[PDB]
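**Student:** Turn this into a model:
(2 chains)
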Amino acid sequence: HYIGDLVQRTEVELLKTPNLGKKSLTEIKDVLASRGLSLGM
Amino acid sequence: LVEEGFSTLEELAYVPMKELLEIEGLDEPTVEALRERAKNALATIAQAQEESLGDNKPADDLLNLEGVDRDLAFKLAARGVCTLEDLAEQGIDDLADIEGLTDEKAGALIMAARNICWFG
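**Tutor:** Numbers count the residues shown, from 1 in each chain, chains lettered A, B, ... in the order given. Now the structure:
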């Protein structure tokens, strides 16, 4: 629900989620990077 | 070719070279080229049908993901998911309408496909 929940998940965990493609993972990274955040903090 | 009695691509691909060389205006280079084209046409036709349904191309590529039966591979290929890469690129939502595929089973197959394509 929150950005703080998303930032704790690893890239390998997000790829296990249902309806989660490589394209949507790249979108999430690019958007988090635009805000100075990274996956796995 | 039809007046000389050839009706199929198989006849042109496999008939003895002597019978094709008896046709007026065929030389050995043109007969070899005609046979190579006939064999390539036969190969292409087979591959196209095998990718459209689940005969061989999708029965090996799309069916690489552990769990894919031949019926499911043909259902995937009917949606344009012909290869193990095409399946690795799908979401669960893109496969949700396939009769006999639960969201959990779709998720497991996509993850198995990704493990082979992206982490093998």
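**Student:** sec struct for the spatially most central residue of chain A, please.
**Tutor:** With distances taken as C-alpha atoms, centre = their mean, the residue of chain A nearest its centroid is residue A:28 (4.8 Å). Of the three states, residue A:28 takes helix under DSSP: H, G, I helix; E, B strand; the rest coil.
**Student:** surely it meets residue A:6?
**Tutor:** Yes: counting by C-beta atoms under 8 Å, residue A:28 does reach residue A:6; the two are 7.4 Å apart. Quick note: C-beta positions are derived from backbone N, CA and C, even for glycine.
**Student:** Name the residues contacting each of the two.
**Tutor:** Here residue A:28 and residue A:6 share the contacting residues residue A:39, scored by C-beta atoms under 8 Å, 6 or more residues apart in numbering or on different chains.
**Student:** For residue B:60, pull up the helix or strand it's in.
**Tutor:** Assigned by DSSP states H and E, residue B:60 falls within no helix or strand.
**Student:** All the helices of chain B, in order from the start?
**Tutor:** B:9-14, B:17-21, B:28-52, B:70-78, B:84-88, B:92-95, B:103-119 (DSSP state H).
**Student:** Please work out which of those helices is packed deepest.
**Tutor:** Mean neighbour count (mean count of other C-beta atoms under 10 Å in any protein chain shown) peaks for helix B:84-88 among those, with a mean of 21.
**Student:** Which other helices and strands does it contact?
**Tutor:** Applying 3 or more C-beta pairs under 8 Å, 6 or more residues apart in numbering or on different chains; DSSP states H and E, one finds that helix B:84-88 contacts helix B:103-119.
**Student:** Up against chain B, what does chain A have?
**Tutor:** A:15, A:16, A:18, A:19, A:20, A:21, A:22, A:23, A:24 (C-beta under 8 Å from any C-beta of the partner chain).
**Student:** Those into a markdown table, with extra columns for secondary structure and neighbour count?
**Tutor:** Below are the residues of chain A next to chain B laid out as a markdown table (DSSP: H, G, I helix; E, B strand; the rest coil; neighbours: other C-beta atoms under 10 Å in any protein chain shown):
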| residue | secondary structure | neighbour count |
| --- | --- | --- |
| A:15 | coil | 18 |
| A:16 | coil | 14 |
| A:18 | coil | 14 |
| A:19 | coil | 16 |
| A:20 | coil | 19 |
| A:21 | coil | 18 |
| A:22 | helix | 13 |
| A:23 | helix | 10 |
| A:24 | helix | 14 |
